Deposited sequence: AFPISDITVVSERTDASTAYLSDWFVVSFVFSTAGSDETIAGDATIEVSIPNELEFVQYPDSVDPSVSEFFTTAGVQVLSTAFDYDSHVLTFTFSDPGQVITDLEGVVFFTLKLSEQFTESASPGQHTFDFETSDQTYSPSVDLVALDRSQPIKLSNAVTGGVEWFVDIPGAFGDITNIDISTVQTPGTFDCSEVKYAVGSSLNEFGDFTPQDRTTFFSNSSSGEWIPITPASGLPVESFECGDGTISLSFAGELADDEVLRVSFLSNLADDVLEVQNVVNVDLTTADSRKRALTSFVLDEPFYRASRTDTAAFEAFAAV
């Protein structure tokens, strides 16, 4: 596996071993030299299998995110990568003709999602991913945690458009009497005809629920004409303001959904959601700035040390 010294997996959301089933997982391939192997590179290939539960995410439909060249911070070509989607093997191929590499320090990472097949039947929590090389197996571990129901959270869902945002307000926080929400995002355009909310009390083992369309709740559209619990509702192209007054039960979750249509040439979206909760006996504010990503991503400026003969 040399010069691979380690293969790590963390959640892009938390930057740690705790993750949602919906998270981007940073799969990092650490490259180091501290013995004195020669690494037969360039010409040399390193094959690493990716477990079937991980998947590359393609956007646009025609671009393979696993195919890239990687450089030093100074710009020197080091290797290129390609993934076999039939055998699930990632190949690193150095770009240095019959020319021994003496030093190699860097990290190649990709962002993967968990497959549907795995997440339908997954259960919390700890899950290990098996990466096979030729002389070693790497088995980093991640805890598949249920939704955080102790504060307002934010969730992304890619759709044909297409981001559907979810803002969940847990009644198990207050005491909750008033809810204020505002979102700003660039470059998307909010569909003001598609703001809705639901209140559910069930929750599955991952803390989630699926509201039914007109137990789990029912999706209720939000228009100018709507009355309480809606206290106020402004929707512009880049911003939405929303307020709620009502009794959120201890076992209930309020879920607000707002759609954002995207241009086809958009790959990334900045989004913040400020949530202010009023609770009897004060005012607690939250900021939720997690971005939205459409494809598996990497960083080509990956290597800090590199030298050949």
| item | value |
| --- | --- |
| Unmodelled intervals of the deposited chain, in order | 215-221, 289-292 |
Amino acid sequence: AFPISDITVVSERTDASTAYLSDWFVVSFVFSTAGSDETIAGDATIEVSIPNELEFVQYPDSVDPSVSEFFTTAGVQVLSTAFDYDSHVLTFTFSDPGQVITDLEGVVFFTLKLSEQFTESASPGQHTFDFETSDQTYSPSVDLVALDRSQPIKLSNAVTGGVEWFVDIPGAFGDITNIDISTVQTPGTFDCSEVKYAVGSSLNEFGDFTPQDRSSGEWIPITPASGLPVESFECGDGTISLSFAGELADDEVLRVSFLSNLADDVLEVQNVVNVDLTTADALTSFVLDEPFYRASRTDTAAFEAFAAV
From here on, numbers count along this sequence of modelled residues.
query	finding
32-40 versus 255-263 - greater average Cα B-factor per the deposited record	32-40
Selected stretch [higher average CA B-factor]: 92-100 or 75-83	92-100
119, 182, 111, 226, ranked by C-alpha B-factor: the highest one	119
Highest recorded Cα temperature factor - choice among 243, 49, 278, 66	278
Assigned third (lowest, middle, highest) for the C-alpha B factor of residue 173	highest
Assigned third (lowest, middle, highest) for the C-alpha B factor of residue 247	middle
Lowest, middle or highest third - CA B-factor, residue 274	middle
Third of the chain, ranked by Cα B-factor, where residue 239 sits	middle
CA B-factor ranking of residue 208, expressed as a third of its chain	middle
